[PDB]
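In what follows, a single structure is set out as structure tokens and then discussed.
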Amino acid sequence: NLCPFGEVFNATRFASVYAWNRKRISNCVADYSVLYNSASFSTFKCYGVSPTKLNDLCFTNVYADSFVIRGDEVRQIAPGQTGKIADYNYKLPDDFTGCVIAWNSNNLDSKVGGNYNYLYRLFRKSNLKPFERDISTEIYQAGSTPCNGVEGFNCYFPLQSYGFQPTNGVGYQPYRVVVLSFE
Amino acid sequence: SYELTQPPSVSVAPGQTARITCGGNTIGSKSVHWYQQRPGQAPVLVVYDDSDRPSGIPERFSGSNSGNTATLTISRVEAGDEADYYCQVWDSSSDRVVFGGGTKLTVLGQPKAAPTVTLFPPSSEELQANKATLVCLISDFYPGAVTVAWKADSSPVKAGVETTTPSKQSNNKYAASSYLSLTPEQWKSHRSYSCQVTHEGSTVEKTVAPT
Amino acid sequence: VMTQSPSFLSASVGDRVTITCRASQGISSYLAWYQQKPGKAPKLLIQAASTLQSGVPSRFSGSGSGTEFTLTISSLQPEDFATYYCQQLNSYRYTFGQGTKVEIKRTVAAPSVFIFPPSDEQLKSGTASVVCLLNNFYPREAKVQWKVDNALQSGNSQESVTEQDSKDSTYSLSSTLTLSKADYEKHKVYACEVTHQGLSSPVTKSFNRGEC
Amino acid sequence: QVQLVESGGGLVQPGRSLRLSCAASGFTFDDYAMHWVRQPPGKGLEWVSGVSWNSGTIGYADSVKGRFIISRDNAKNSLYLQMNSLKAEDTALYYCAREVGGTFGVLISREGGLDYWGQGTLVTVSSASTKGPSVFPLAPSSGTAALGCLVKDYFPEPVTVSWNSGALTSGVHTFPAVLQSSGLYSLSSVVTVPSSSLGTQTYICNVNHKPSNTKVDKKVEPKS
Amino acid sequence: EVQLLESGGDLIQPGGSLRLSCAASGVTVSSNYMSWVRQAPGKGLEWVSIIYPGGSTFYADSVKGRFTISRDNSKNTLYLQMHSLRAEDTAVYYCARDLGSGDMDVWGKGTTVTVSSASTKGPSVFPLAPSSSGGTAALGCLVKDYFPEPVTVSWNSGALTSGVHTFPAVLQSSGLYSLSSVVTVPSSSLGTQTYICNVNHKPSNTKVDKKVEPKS
Ligand SMILES: *[C@@H]1O[C@H](CO)[C@@H](O)[C@H](O)[C@H]1NC(C)=O
Ligand code: NA
């Protein structure tokens, strides 16, 4: 049959970037023509493969990673990039073989009062490995003395909310990202 | 903040049909789901999407949804149907799953059962630790209302008494337990201690003695 | 580019001050306010445009969202007179504002003008420096015009101003007319004309070369 | 074949944190939405939060918004609920349930409802101190004879009582716990056994108090 | 307590190189967002560089390719490597702890960096003799032709502080600084009390005491 690409892209809601979701896609015929012939995508870069020339290629597994970040932070979803998203949330390998798809979702993920469903990781001791996922909520110890799970000075919660408002600029508006991986 | 309102209590005789309403603003525009919860158990879905039943649910349970009032209709009420019932919808405006206040369904016409009292003296291990506790256990009675009174020899005792509130058993009957904390010198001074259990005017009394 | 206004601001002790910080586009609520006194490090006041940092007195109030943000001091205090900066948060640039200097507002005071001829020790070196002093005045706007034989001199004089005095909130100015020995000896009358708000007319201090 | 194991609950001081976990087994986890619903003792059901098949956070209760953070890991068939700045009104039995239907389902379905439900893990928000219970044998005094165990002075809830490592279930009745004026709970469980069976089969009650790491197996036998 | 102590500021020729330190106490450098922020003489604040707790570094466009930020975990010290220095890099350099969002709550006292090709020279101290002053007298000292900043001026070895106005230095067209320090004294103490200004220029090891007397 056909691959469930419509479930991931046209999903009702997307995950936070720190808790980025992964759906394994296999045992199906992928019709990539639905994707690269769509004028609704704002960002569409492929690394190591040509977009139009994928219907004649086969792969053992295809992974779809979805989340939501700021518009300014979309540039970090690329090999060899640095920043809070690439370092502490979603890291792509330097030898990444896949495509990155993103589109503006201010009409869906932004709330007037302030959304609470989309978060990002702010503090972490070290950069993530490629395709690593860290959903831990341990109190980040920034000072010399320990925190024993209590907030305060030099004891900050490692996650921070975006608070997408519709009046924000396009750089601060939410963008739904879907990363396709091949092997 | 969408809010659901269910009647707090509903009483139905055995063999009749029960109606449990679930009010809300344009609730007919939303899919309504009903859940049963027995005492001490986890909730179980019985009705979903206004009027659908999962596998294993008897055809006696039915649901309707129209306008501003969804209704759970259960026909041929058995004594086992006595439990709690919550309705739930999806509030797309506030992005929040909302439950109702709950409706305690009580089946009338259940025979009045006498309480079974069991009284244990202080164990020899507890007495060696300079403590003494009398355990009075009340089970298999109906309705769930009982007055407990302790007695030293023939005089009452009010200090050091702790008593549970009646809790419904699995057989729709009720149970409770009272505790009398004493010192090892008070337990051995009096000739006996009694646990009096009053229920519907009737009083069942059990007595224990030292050694 | 962070456009902050005004550059300078005069207020009194106990007033309500409003400082404006405008961004070229919407930055939501990502803005911080700093307070820096002369010779000291900046001090964080409010983060996230409306969260007073712990310890800062309740006078400092931060508000604003979108493209216009304001720092409001409910009751100004003697220790509040400093320079205030706004910074864009959660940006790759970490852009700062130009700064708003809050100064004290007192009664107008005219400067005590003094003029100093170049010493005999300096004339032995081949250079003559004439010094004009404007002592303890307010406000800071003052004009010092050098006159040599009634000829207005421009292009050979520099001046410097002190900060507001910690006691009387006055400024002082020093102007130096730098000539050489021969150019200094070709003329006779050396004067600096001072115009200030506290003066009913431009006052002039003068001396004649060679005369005591 | 479809169960939802929950852990992480226990006693927590007011203001601290606590992370709950819900393990799924016997069904494709990355296909259904998962929810947390809590229930204070004697009170009704209150929906806490949920998360879709693609780990999308889907709202919060107004009293928990900003303090609770829910997430899921489809690789481990598990669901998590981080709870910060806990208050006494958070003391409740937290359930974990799956939802059939659409919106947050893997496809465009309707609304199947909360299908299977876990047994729940109890979270107690109090500044009091944990205390292990004291177990005493309730010796039978001489048809049928009644014997049991007294689980005296413990905190917090709950305690589990079995008999003969669960091999004895018939005639057993475990009573609810009191809440003594000292602030400690006391519980008792009774078994009914025939009078002519005391010398044959031994009876041992198995009391387990996880919040204090207390597991006691007491040998009940006739006295004197 | 919590403090950041930076050092290494010095006078350097354009094109040269310099390394600034920032020892920390009460805050772990490796676990925080650490930034360098400079402030040119009389100008506003300018963010220079930042190093994330994970190791990532970011620089401003004015210093990109010339500045390098780094840290030593064992010494709990932040560094700022500077090469190919320019005149516009002259500023007071602070190290600050960023709370992640951009806000810096902990600051140092700052170290001063001056980039200029000019050579070091001690100042000449000329007297500003008092004449007729009105109701009170006014004399001073002219500290002229020195480089670089700064110079310290005291009167009567510190015994005279009331009425002292030491003015900021001006950069003359010759590239040498020059300031003046004046003080107002009563006209009756002119012929009784001795007034001597004490100028110190550490870059040239110059210490000059100039006796200012009324001109006859
Ligand atoms: C998403 O749905 C729209 C219609 O609602 C359709 O036109 C589009 O092709 C879909 N995209 C994907 C990736 O399924
Ligand atoms: Na922050």
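For neighbour counting, all protein chains shown are included, and Cβ atoms are generated from backbone atoms with ideal geometry for every residue, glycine included. No value in this document is a laboratory result; all are computed from the given coordinates.
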Estimated FRET transfer efficiency when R0 is 45 angstrom, pair residue C:143-residue C:18 (beta carbons, to 0.05): 0.90
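Using only alpha carbon pairs under 8 Å that are at least six residues apart, calculate the relative contact order of segment A:95-183 and give it in whole percent. Mind showing how you got there, number by number?
Numbers: 128 pairs, mean separation 45.0, N = 89.
Worked out over segment A:95-183, it gives 51 percent.
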HN-Hα couplings for segment C:89-100 via Karplus (6.51, -1.76, 1.60; θ = phi - 60°), in whole Hz with x for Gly/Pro, come out as 9, 6, 9, 5, 8, 6, 6, 9, x, 5, x, 10
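How large is the dipole of the protein assembly as shown about the Cα centre if only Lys and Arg carry +1 and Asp and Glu carry -1, each at its Cβ, rounded to the nearest 20 debye? Mind dumping the intermediate values first?
Values: 89 positive and 81 negative charges, 251 e Å.
In total the dipole reaches around 1200 debye.
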About the Cα centre of chain B, what is the dipole size in debye to 20, counting +1 per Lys and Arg Cβ and -1 per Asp and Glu Cβ, all else neutral? 460 debye
Chain B: Rg/Rh from Cα coordinates, Kirkwood Rh? 1.17
Note to self: C-alpha centroids of segment C:1-79 and segment B:136-165 sit apart, in Å, by 69 Å
Compute the distance from the alpha-carbon center of segment B:28-43 to that of segment E:109-179, in whole Å. 86 Å
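Need one number: % antiparallel among DSSP beta bridges in segment B:9-107, to the nearest 5.
85 percent
Sum up the charges of everything whose Cβ sits under 13 Å from the Cβ of residue E:141, counting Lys and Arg as +1 and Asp and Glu as -1, but leave residue E:141 out.
With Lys, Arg at +1 and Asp, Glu at -1, the neighbours total 0.
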With the Cα gyration tensor of chain C giving a ≥ b ≥ c as the square roots of its eigenvalues, does the rule (a/c under 1.5 for rounded; else a/b larger than b/c for prolate; else oblate) give rounded, prolate or oblate? prolate
Which trypsin sites (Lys or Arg not before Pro) in segment B:75-156 sit in a loop by DSSP (not H, G, I, E or B) and have at most 15 other Cβ atoms within 10 Å of their own Cβ? B:76, B:112
Farthest toward the dipole's positive end in chain A, which of A:5, A:16, A:76, given Cβ charges of +1 (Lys, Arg) and -1 (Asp, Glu) about the Cα centre? A:16
Selection from C:197, C:136, C:126, by position along the positive dipole direction of segment C:112-208 (Cβ): C:126
Dipole in debye (nearest 20) - chain E, about Cα centre, beta carbon charges: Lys, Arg +1; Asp, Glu -1: 500 debye
Scan of chain C for GluC sites (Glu not before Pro) in DSSP loops with at most 14 other beta-carbon atoms within 10 Å gives a longest site-free stretch of C:1-140
So how many Å³ per residue does the convex hull of the Cα atoms of the protein assembly as shown work out to? 269 Å³
Per-residue ellipticity at 222 nm for chain B, helices alone: DSSP H runs ≥ 4 residues times -39500 (n - 2.57), over residue total, nearest 500 deg cm²/dmol? -1000 deg cm²/dmol
Would you mind checking segment C:24-53 for residues with the amide N under 15 Å from a putative spin-label position 7 Å along Cα→C-beta of residue C:93? C:24-28, C:30-32
Assign one of three labels to chain A, namely rounded, prolate or oblate, based on the Cα gyration tensor with a ≥ b ≥ c the square roots of its eigenvalues; rounded applies when a/c is under 1.5, prolate when it is not and a/b is larger than b/c, and oblate otherwise. prolate
Looking at segment B:161-209, which trypsin sites (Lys or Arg not before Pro) are DSSP coil and have at most 12 other C-beta atoms within 10 Å of their C-beta? B:191
Within a Cβ distance under 14 Å of residue E:160, other residues only, what is the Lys/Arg minus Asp/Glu net charge? +1
In terms of modelled amide H atoms, which long-range or inter-chain residues lie less than 5 Å from the amide H of residue E:180? E:143, E:167
Could you tell me which chymotrypsin sites (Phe, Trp or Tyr not before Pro) in segment D:10-74 are loop residues by DSSP with no more than 15 other beta carbons within 10 angstrom of their beta carbon? D:27
Range in chain B, longest, excluding exposed GluC sites (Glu not before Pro) [loop by DSSP; at most 13 other beta-carbon atoms within 10 Å]: B:79-211
Enter the mean number of other protein chain beta carbons within 10 Å of the beta carbon of each residue in A:163-173, as an integer. 4
For segment E:36-75 and segment A:112-137, write down the distance between their C-alpha centroids in whole Å. 25 Å
Dmax and Rg, reported as Rg then Dmax, of segment C:33-112 (C-alpha, Å): 14.5, 51
Total charge of the residues flanking residue A:163 in space, meaning their Cβ is under 14 Å from its Cβ, with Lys and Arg +1 and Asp and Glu -1, is +2
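Over segment A:114-165, calculate the relative contact order: mean separation of alpha carbon pairs under 8 Å at least 6 apart, over the residue count, as a percent.
Worked out over segment A:114-165, it gives 53 percent.
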What does the highest-first list of D:168-181, A:69-82 look like by mean Cβ count within 10 Å? A:69-82, D:168-181
For segment C:1-99, build the charge dipole from Cβ charges (+1 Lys, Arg; -1 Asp, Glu) around the Cα centre, then report which of C:51, C:20, C:98 sits farthest towards its positive end. C:98
Assuming 0.36 nm per residue, please report the length gained on full extension of the stretch residue B:57 to residue B:202 beyond their Cα-Cα distance. 48.2 nm
